[PDB]
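Single-structure report; data block below.
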Amino acid sequence: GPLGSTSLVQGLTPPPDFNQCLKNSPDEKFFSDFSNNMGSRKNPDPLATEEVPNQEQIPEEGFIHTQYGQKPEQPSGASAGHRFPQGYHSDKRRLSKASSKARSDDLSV
């Protein structure tokens with residue numbers, strides 16, 4: 001009728017939204033869909049570690065004690081030449097402290 005004869009605007013169609021003004025927004029993500037979850041930043045390693053005191057694990061500053069030893073390992077018995085289980089004749093018995101009177105094990109160890 002009047003006020004709506006020629007100019008007929010039908011803007012309520014469910015498929016489109018109309019409320020985004022149909023201006024597309026070809027991007028407007030700022031991350032430009034490069035990943036989006038890329039700028040979160042958890043642990044991208046900004047340095048290498050954090051501290052890096054001795055660079056590549058340098059224990060040899062100048063405190064080489066080794067009074068305890070343990071540098072050639074050898075977890076297989078002891079000695080690799082003469083050996084002991086090939087005779088076992090220790091004439092050195094001047095070692096005390098050892099309560100070797102109950103070395104029969106029993107159940108007291």
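These residue numbers are counts, starting from 1, taken along the chain as shown.
So this one's solution NMR, going by the header.
Cβ atoms here come from the backbone N, Cα and C positions, even for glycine.
The feature expression tag is assigned by the PDB entry to 1-4.
Here Swiss-Prot flags 32-109 as region 'Disordered'.
Secondary structure at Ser104 (phosphoserine), as computed by DSSP, is coil. According to Swiss-Prot, the feature phosphoserine maps to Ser104 (among others).
The phosphoserine annotation in Swiss-Prot covers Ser108 (among others). In this view, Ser108 (phosphoserine) is surrounded by 8 other Cβ atoms within 10 Å of its Cβ, with every protein chain counted.
Same-chain residues at least 6 positions away in sequence with a Cβ under 8 Å from that of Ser104 (phosphoserine) are not found in this chain.
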